[PDB]
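Coming up, as structure tokens: structure 1 and structure 2, two forms of one and the same protein chain.
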Structure 1
């Protein structure tokens, strides 16, 4: 019997299925109260949080423990999200992000961007299809992003009319990076997301399977390789058909999560883990009820005091 840590030192990292504040209950899978911090946003994911669609909803756990239930939305990242030459693959970007949310001492901070000429700061839909901050360069220049020694991942998207990286002609679209970047002969617009910094990795999590209504993309499928991965109810890898719609509100997922979060009388303060099996979990110590011991003392006292009455009479009758 799985027991998940339901305690104020734990952050639940989720998507619409856990977004209790902002999603109609009919579409929730997390339908019990979570005593820790809830960071769950409809439509979001660890890659999607860098897209600019949800500019205020970055995941920023600061607790020792985490439980993750997300990933389905990250399968909308595809080839155009790793098309800038020298971009990380989505497989490797996702691995670093999921490891970071699970184990990491993480932050979200502004990414360095500069250039050999003054760029124009504005916002536009022309790079991604929705409004993000851009720098516009109206003549060709050197553009630099990130800093040597950095430890984290950021997303870049470009709409360039010229430019190369190390002599390789740029291709318009996006990419993920965990090192500094330099574009030469660059003209056009550039979006750079904040950096998801991942420093030390001694925090702890459970990673609950997030299923889609189609087979998972490779970069989220590979989360099965992490020691923290725990299966959740699914039908051949696909989200169950017992919900409100094909993607939300599964009765069996709800029962799985609720049961795992309502183990009775677990003293979470006494185990350094984001979960435990019920029989092995440390249990709360309770007040001792001494009423039954007191009843025995009374019943014995009764027979004794009546033994005293009897004895005296036997003593007199023997006189």
Structure 2
């Protein structure tokens, strides 16, 4: 019997299936109250948070413990999200991001961007199809992103008419980076996301499987390799067909999550973990009920009083007979 830590020192990191504040309840999988901090956004993921579609909805857990139930939306990242030469693979970017949300002491901070000329700051939907901040460079220049010693991941998207990275001609599209970069001969527009900083990694989580309506992309499928992974109800790896639609509201997922979050009388303060098996979880101590012991004392005192009375009467009775003797 799985018991998930349902407690104020825990952050639930989710997508629409957990976005209790903003999603029609029919599409929710998390339908029980979560006593911790809920960070869940319809459409979002640990990669998608860097796209610019949800500019105010970055995940920023600050608690010791986390429970993750997301990933399906990150499967909409594809070849064009790792097409800039020298970008990380999606497999590697996703592994670092899921490690950070699960275990990391994390921050979301502005990413350094600069250049040999002043770039024009604006916003446009021309680079990604939706509105994001960009720098526009009207002549070819050196463009720099990130700083030596950084520890985190940021996303870049370009619409360049010229440029190269270390002599390799750039390709328009996006990439993930966890090191500083330098573009030479760059002209055009550049989008740079904030940095998901991942520093120490001694926080703790459960990673609940997030299933899609088709088999998972490789970079999310690989979350199965993390010690914290826990399976959730699925049909051959695909989201069950017992929900509001093919992707939300699964009756069986709802039951799995509600049961695990409502284990009775667990003293979460006594275990350093984001979950435990019910028989092993520490239990709340209750007030001792002394009613039985008191009833026993009272009954004993009653009978001893009776004996006291009988003894004195037999003493008088013996005296009565000896007087007669």
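Numbering follows the first chain given and starts at 1. Take the two forms, find the largest set of C-alpha atoms that superpose within 1.5 Å, and that set is the rigid core.
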Fitting the rigid core first, would the Cα of residue 298 be found 2 Å or more away between structures 1 and 2?
-> yes
Does residue 22 move its CA by 2 angstroms or more between structures 1 and 2 when the core is aligned?
-> no
With the core fitted, just quote the Cα shift at residue 288 between structures 1 and 2, in angstrom to one decimal.
-> 1.2
Let me know the CA shift of residue 62 between structures 1 and 2 in Å, rounded to one decimal, core fitted.
-> 0.0
Quick one: how many Å does the C-alpha of residue 309 shift between structures 1 and 2 once the rigid core is superposed?
-> 3.4
